[PDB]
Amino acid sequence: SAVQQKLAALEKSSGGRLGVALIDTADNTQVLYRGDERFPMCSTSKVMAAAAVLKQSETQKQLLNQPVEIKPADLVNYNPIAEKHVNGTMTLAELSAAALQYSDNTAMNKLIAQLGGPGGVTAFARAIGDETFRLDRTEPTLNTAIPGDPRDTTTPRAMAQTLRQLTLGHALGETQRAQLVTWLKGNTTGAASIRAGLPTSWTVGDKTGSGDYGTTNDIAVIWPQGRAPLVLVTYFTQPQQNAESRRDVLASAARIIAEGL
């Protein structure tokens, strides 16, 4: 199609490897570019950790209010929110919001611990039918994004389907689903990524990711005014270990997708 030719041209212009999956929930149509190739998830994995904890809270009704101590030893490389509560506590709700809306790495590690390790996050993915997602490491090493390394990867197709199920489907309870959507809509890190390629009138909930090899990711649910919502995943990685982020590539991919509607 035209869209796939334009995405291929964008990729060629960028010097990297681009993965895109769009699900149009109107007719359940899909648009895929390298849809079944593995990409490093980096912080887009935080959606799965938060959702797994939300799933736990369906049975443990008070779980999200559980206080969790933030100790200096817990701090890793990027802890914008956890830093504000060292030697204090954050609830699991506050940690989930920090992981999602600020991409706090300490928060992510506390969510992983709550789930019994990376295998507990992966287990949740399997439980909702995602056979592709794999979380192998904690923060910060899950962002190494080494070419060919299958650790901490998924495919665009798999992530799109899973994000659809978590936000628009019923993989989560009604209150949990609404909470996740609210959190994603309140993301603070996404202004230059998918959001920047879309009409300003559309409502977006997204989770960005960045890592080594210039890995620049964004996964989003999109609510166009007067139109069925869309799920869009954009993954991008580069051949140089110290490559710079390229959020403009994700904005451009979103713009190309939006034009084709």
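Just count from 1 along the sequence shown to find any residue number.
Of the two stretches examined, 118 to 126 and 71 to 79, the record assigns the greater average C-alpha temperature factor to 71 to 79. A summary of the deposited B-factors shows that, of 207 to 215 and 30 to 38, the stretch with the larger mean C-alpha value is 30 to 38. Reading the B-factor column for the CA atoms of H85, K110, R137, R134 in the entry, the top value corresponds to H85. For the set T234, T59, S193, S45, the maximum C-alpha B-factor listed in the entry falls on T59. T175: CA B factor in the highest third of modelled residues in this chain (values from the PDB entry). When all modelled residues of the chain are sorted by CA temperature factor, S252 is found within the middle third. For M90, the recorded CA temperature factor ranks within the highest third of the chain's modelled residues.
For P156, the recorded CA B-factor ranks within the lowest third of the chain. Only modelled residues enter the ranking. Among the modelled residues of its chain, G169 has a C-alpha B-factor that falls in the highest third, as given in the PDB entry.
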